[PDB]
Amino acid sequence: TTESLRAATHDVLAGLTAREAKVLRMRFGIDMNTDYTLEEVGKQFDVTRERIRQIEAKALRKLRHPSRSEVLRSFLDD
DNA sequence: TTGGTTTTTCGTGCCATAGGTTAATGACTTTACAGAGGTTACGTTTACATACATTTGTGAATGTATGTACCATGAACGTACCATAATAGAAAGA
């Protein structure tokens, strides 16, 4: 189920916008070693840090839809 | 008396005078594409107040730390079932 969840999250990040995928990977430590903080993401990508939170809120609003997470609703019990 | 060349009408074929539907480019006109201009509702960038965390001192839990000065003089301090046959070892008589 972990190996299937990896491919499922890879397909979800590939189905969305590529820059959204890079933010969601380098934010929580997906496909990286360390999880970068908000100041480190601000030093890497762009100075504005409130727009990063707006991007995160927009990504959560796009990922609350059941049609894009119907294969992930079965993984909710784990 | 019978076959075949000759000749003239007559409906049919060729030529000419009339008169009408319908090809031409166009001129259409209608639909489609191309031009700017005012308005909407976002998306990114910026400052500011308050919060969980994380960084410090301070009161209690244990823990090794060295000694106690009538006389204490050898034992296993209770273990245990005793199968079977290849290969060497330390001696004993040949």
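Here the Cβ positions follow ideal geometry from the backbone for every residue, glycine too, while neighbour counts run over all protein chains shown. Derivation of every value follows stated rules applied to the coordinates shown; laboratory data play no part.
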Which one of A:41, A:8, A:30 has its Cα pushed farthest toward the positive end of the charge dipole of chain A, where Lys and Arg give +1 and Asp and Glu give -1 at the Cβ?
A:41
Using the Karplus curve 6.51 cos²θ - 1.76 cosθ + 1.60 with θ = phi - 60°, what ³J(HN,Hα) values do you get for each residue of region A:69-78, in whole Hz, with x for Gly and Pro?
10, 5, 6, 9, 5, 6, 8, 6, 6, 6
In sequence order, calculated HN-Hα J values of region A:41-55 (Karplus, 6.51, -1.76, 1.60; Hz; x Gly/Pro)
5, x, 6, 7, 7, 7, 5, 6, 9, 6, 5, 5, 5, 5, 5
Charge tally for neighbours of residue A:38 with beta carbon under 15 Å away, counting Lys, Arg as +1 and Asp, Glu as -1, is -1
Where nothing but the Cβ of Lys and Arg (+1) and of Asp and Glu (-1) is charged, how large is the charge dipole of chain A around its Cα centre, in debye to the nearest 20?
420 debye
Could you work out [θ]222 nm for chain A from helices alone, using -39500 (n - 2.57) per DSSP H run of at least four and dividing by all its residues? Round to the nearest 500 deg cm²/dmol.
-18000 deg cm²/dmol
To the nearest 10 degrees, how steep is helix A:18-28 against the longest Cα principal axis of chain A, on a 0 to 90 scale?
90 degrees
In Å³ per residue, the alpha-carbon convex hull of chain A encloses 102 Å³
Ranked highest first by the average count of other Cβ atoms within 10 Å around their residues, in what order do A:31-38, A:18-25 fall?
A:18-25, A:31-38
